[PDB]
Amino acid sequence: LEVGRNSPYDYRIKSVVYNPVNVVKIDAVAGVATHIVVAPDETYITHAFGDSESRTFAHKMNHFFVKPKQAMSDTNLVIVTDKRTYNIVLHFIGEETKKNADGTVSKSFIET
Amino acid sequence: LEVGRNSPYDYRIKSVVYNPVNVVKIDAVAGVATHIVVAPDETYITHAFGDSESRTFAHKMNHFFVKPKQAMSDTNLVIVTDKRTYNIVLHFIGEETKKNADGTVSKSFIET
Amino acid sequence: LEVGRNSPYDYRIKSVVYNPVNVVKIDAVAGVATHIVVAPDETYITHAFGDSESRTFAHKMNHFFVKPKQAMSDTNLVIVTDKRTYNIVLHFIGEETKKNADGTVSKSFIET
Amino acid sequence: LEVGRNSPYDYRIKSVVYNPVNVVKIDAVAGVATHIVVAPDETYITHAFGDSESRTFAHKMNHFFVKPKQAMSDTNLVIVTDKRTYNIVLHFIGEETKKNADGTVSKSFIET
Amino acid sequence: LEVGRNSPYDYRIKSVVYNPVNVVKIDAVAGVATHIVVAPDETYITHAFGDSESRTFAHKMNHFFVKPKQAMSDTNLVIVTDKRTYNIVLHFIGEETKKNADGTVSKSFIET
Amino acid sequence: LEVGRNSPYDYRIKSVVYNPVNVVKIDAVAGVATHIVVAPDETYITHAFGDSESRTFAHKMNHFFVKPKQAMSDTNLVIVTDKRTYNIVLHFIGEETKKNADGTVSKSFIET
Amino acid sequence: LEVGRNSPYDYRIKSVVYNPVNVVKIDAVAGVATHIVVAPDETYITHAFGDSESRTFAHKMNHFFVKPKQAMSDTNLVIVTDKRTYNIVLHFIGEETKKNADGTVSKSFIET
Amino acid sequence: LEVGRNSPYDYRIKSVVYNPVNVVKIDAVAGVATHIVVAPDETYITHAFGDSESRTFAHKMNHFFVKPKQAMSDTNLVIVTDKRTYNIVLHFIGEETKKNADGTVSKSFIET
Amino acid sequence: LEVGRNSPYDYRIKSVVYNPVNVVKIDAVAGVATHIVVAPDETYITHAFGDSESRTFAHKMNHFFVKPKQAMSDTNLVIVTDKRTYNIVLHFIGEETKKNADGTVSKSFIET
Amino acid sequence: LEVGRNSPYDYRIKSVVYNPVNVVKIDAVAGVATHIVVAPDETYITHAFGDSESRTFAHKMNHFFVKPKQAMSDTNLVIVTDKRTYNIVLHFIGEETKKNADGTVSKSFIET
Amino acid sequence: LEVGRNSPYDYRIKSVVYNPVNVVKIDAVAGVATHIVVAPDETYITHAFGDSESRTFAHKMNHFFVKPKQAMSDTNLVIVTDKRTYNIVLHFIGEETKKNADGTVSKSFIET
Amino acid sequence: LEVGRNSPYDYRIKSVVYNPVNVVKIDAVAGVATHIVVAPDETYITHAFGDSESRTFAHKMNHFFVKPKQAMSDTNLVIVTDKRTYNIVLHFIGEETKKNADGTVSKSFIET
Amino acid sequence: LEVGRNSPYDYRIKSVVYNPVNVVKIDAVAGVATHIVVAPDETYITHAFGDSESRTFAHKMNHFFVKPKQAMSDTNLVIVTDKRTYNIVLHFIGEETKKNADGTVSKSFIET
Amino acid sequence: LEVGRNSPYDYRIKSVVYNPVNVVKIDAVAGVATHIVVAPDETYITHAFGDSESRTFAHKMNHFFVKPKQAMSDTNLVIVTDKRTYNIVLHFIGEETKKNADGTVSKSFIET
């Protein structure tokens, strides 16, 4: 939506539709105060993800993973957010009867 | 009715009758704060559907599905709302003794 | 009575007697905020019928049915209200000991 | 009494005695807010009868019946009130120990 | 007493003694708001009798009966009050131990 | 005493002694608001007697009886009060142990 | 004492001693509001006697008895008070242990 | 003491000693509001004696007895008080253990 | 002490010592409001003695005894107080364990 | 101490030491409001002794004993206080465990 | 300490050290309001000792003993305080576990 | 982040990304009021670590270890913070289901 | 510390270190309001010791012991405080687990 | 830190690092209001140590030990604080699971 999403959505909206640049599909298991993830390069300001406070640590490339695992369920929360370029593919299917996490996303993210 | 329906109906009204352009038949299992769906191209503003927060994700065409499934019942909530052109056919028959969902709709939707 | 009946009757009155044009016999199982049905062509404003929120959906002719079924009983609530011309024949006999629904009506309705 | 009786009697009074024109014998099982029945031709304003809200529906002649049946008892509540001319014959004998309904009336009614 | 007796007596008084014209012997089982019966020809105003609200209905002559029967007991409440001339003979003997109804009356009544 | 005795005595007094004209011996079983009986010819105002509201009804002569019977006991309450001349003889002996009713009276009464 | 004794004594006093004229010996069973008996000829005002409201009724002479009997005991309460001349002899001996009634009196009484 | 003793003593005092004229020995069983007995000839004012309200009644001489008997005990309460001359001899011995009544008196009493 | 002792002592004091004239030894069983006994000749004012209200009655001489006996015990309370001259000898020994009454007195008493 | 000791000591003090004249040894069982005993010749003012109100009565000499006996114990309370000269010897030994009464005194006492 | 010690110590202090004149060793079982003992010759003011109110009585010499015995224990409380010269030797050993009374004193005491 | 981090993070943020100089990875089991560790050379101000108050004590080099061990679990909390140069490698894996401590850090730290 | 220590320490302090003159080691079992012991020669003001109020009594030399024994334990509380010169050696070891009394002191004390 | 540490730390801080002069390592089992130990030479002001109030007493050298033993555990609390020079070596290992006392210190301390 805006630069910094800064939003609990509350849930999905009038996603300001775009070309894939500014807006990214931040969604996947989320909630844990993520203003926006991706953009801007200025302070989102920052997010926790996975409704946890774990996140991956090794560096993939320049841009490099993070991956809170939420529950025991499949919780491949990635946010390769370095602030270089940026590729991540989320999916989600936890407690099968959930608040539909099923659909999965991918994020592109140029800052440039 | 108006541009943005913006309404809980409360229930069906003096649907401002038309040619099929502006007003669409948004109805089907609904409730989950859908102002209007379809029109306008300006902010409806947006809807949840299916009284859920699931919705389809793949892209059909340009205009492309979304489909919250409400209950376990037959809940083919489609809103192919892209904002290109637009075709969707809803029907509804859940808990057979319901608040008559039986009758089913179709939506046309040119923005043009 | 008036243009828009706009009334819970409360019950039948000094029905402003007429030729069959303006006033129609709206009666049959009713209650669910029907201001007036039929006339005017301007906003009645609108009615629910059948003390439900079901109503028929196919289009008969131009003017075309609607038919909330109230209970399980015989509840042929028709209001073919299109706003073309208009023919409907109601009858009523539900829970035999009711608040006499027995007598049945017919509605004419020219707007012209 | 007056033009529009407009009265719960409370019960029978100094019935303004007449020739049978203006005043009619409205009595029989009554109560259900009947101002006056018969006269005037202007708004009585209107009555329910039979302490019910049933009334006959077919048209006898121009002037034509109405007949709420009160209880299961003999309740031939007629009010052939069209506002043409007007003939009706009431009688009453319900729960034999009642508030004497026994005596029965007849109504004439010219408006002319 | 006065023109319109207009009185619950409270009970018998200084009955303004007369020739039988104005004052009549209204007494017999009474109570049910009878102002005066008989005279005047102007509004008594009116009476119920018999402590009931029954009264006879056929027309005897011009002046013609009315006869609430009070209880099951002998309750020949007559008031032939037409406002022509006027003859009635009351008697009373109900629950033998009563508030002495035993003595019985007769009413004359010229208005002329 | 006075013209109209108008008194509950309270009980017997300084009966203004007389010749038998004005004052009469009203006494016998009494109480039931008898102002005075007999005199004056103007409004006593009136009495009930016998502590009842029965009284005799036939006409003896011009002046003519009345006779409330109080209890079952010997209760020959007479008041032949017409307002012609006037003769009555009371006696009293009810519940033998009473408030001495034993002594009995006679009333003369000229108005003239 | 005074003209009208007018007194509950309270009990016997400084009986204003006399010749037997004015003051009389009113005493005997008394109490029942006797102001004075005997004198004056003007309003005592009056007495009940015998603590009852019985009193003798026949006429002895001009001056003539009265005799409330108080209890069952010997209660020869006489007051021959006519207001002519006057002779009476009281005595008293009731419930033998009483408030000494034993002593008995006689009354003279000239008014002259 | 004074003219009218007028006193409950409270009990015996500084009896104003005398020659036997004015002051008399009133004592004996007393209490029942005796101001003074004997003197003066003017209003004592009066006494009851014997703590009763009995007193003797026959006339002895001019001056003549009175004799309330108090209890069952020896209670020769005399007060021959006429207001002529005057002789009485009291004694007292009731409930032997009493408030010493034993000592007995005599009264002289000239008024002269 | 003073003329009229007028005192409850409270108990024995600085008895104003004397020659035996004014002050006397009043003591012996006492208490019952004796101001002073003996002197003065003016009002002591007076005493009861013996804590009773008995006292002797015969006359001894001019001056003459009085003798309340207090209890059953030896209670020779004498006060020969006439107001002539005066001789009395008290002693006391009642309930042997008492408030020492043992010691006994004698009273002289000239007024002269 | 002072002239009139006038003191509850409270207990023994700075007895103003002397020659044996003014101050005397009043002590022995005491308490019962003895201001001072002995001196002065003016009002001590007076004492009770022995915590009693007994005291000796015979006269020894001019100056002469008094002797309240306190308890049953040895209680030779003497105070030969006449106000002549004066000799007394007290001792004390009552309830052997007492508030030491053991020590005994003697009193001299010239007033002169 | 001061002239009159006048003190509950509270307990031993900065005893103003001396030559043995002014200050004396008052101590031994004490407490019972002893201001100072010994000095001054002016009012200490006075002491009780021994926490009692016994004290010796015979006269030793001019200066002469006093000796309250406190308890049953060894309680040779001497204070030979005459106010001549003065010798006394106290010791103390009562309830062996006491508030150390063990140490014993001697008092000198010149006033001179 | 800032010079002195001075922060409870609250948890990881928009870590002001850097070259490894200023910001260090302070993280590992922490909480116990660590403002910042490492930088600045000015007052962080200081930290506790390990959520304890233990820390290593020997000196490694100039810059030299500290190592609170938190729980029993693997708690190699090092902070070689001397303020020379600085090398430390943390890791963490305590209660395996923890608040992910798993990922481990390393700190560089030039002050220069 | 100061001249007069005047202190509950509260416990040992910055003992103003000295040569052994002014400050002395007062310590040993203490508490019982000892301002200072030893110095000054002016009012300490004074001490109790031993948390008792016993103290030795004989005189050693000029300067001479005092020795409250506190408990049953070894409680050689000496304070040879005369105010001449002064030697005392305390030690302490009472209830072996105490508030360490173990260490023992010695006091020097010149006033000079 | 400062001259007088004067601090409960609260716990270890930004120990103002030094050469070993001013700041000393006061630590070891402590708590018992130690402002600073060692420096300054001016009033720390003073400390208790060992969370006790024991401390060593003999003099080692000029500068000389003190050693509260805290618990039963190894509690070699030394503070050789004389204020000469100064050497002490603390260690600590009490209740093995403690608030890490394990690490041990040494103190240097020149005042010079």
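Chains here go by letter, A, B, C, D, E, F, G, H, I, J, K, L, M and N, matching the order in which they are written, and residues are numbered from 1 within each.
By our rule, contacts are C-beta pairs under 8 Å (C-beta built on N, C-alpha and C of every residue); 3 or more make two chains touch, one makes a residue touch a chain.
Chains that count as touching both subunit I and subunit N, per the definition above, do not exist in this structure. Chains that touch both subunit D and subunit I are absent from this assembly. Mean C-alpha position of subunit K lies 78 Å from that of subunit L. Mean C-alpha positions place subunit F and subunit M at a centre distance of 123 Å. In terms of their C-alpha centroids, the spacing between subunit L and subunit M amounts to 55 Å.
Residue numbers of subunit B whose C-beta contacts span two or more other chains: none are found. Taken as a contact graph, the chains are arranged in a single closed ring, with each chain touching exactly two others. Starting from subunit F and moving next to subunit G, the ring of contacting chains follows the order F, G, H, I, J, K, M, N, L, A, B, C, D, E.
Those residues of subunit B that touch subunit A in the complex are listed here as 43-46, 48, 52-57, 68, 83. Subunit D meets subunit E in the complex at residues 11-14, 17, 99-100, 102-105.
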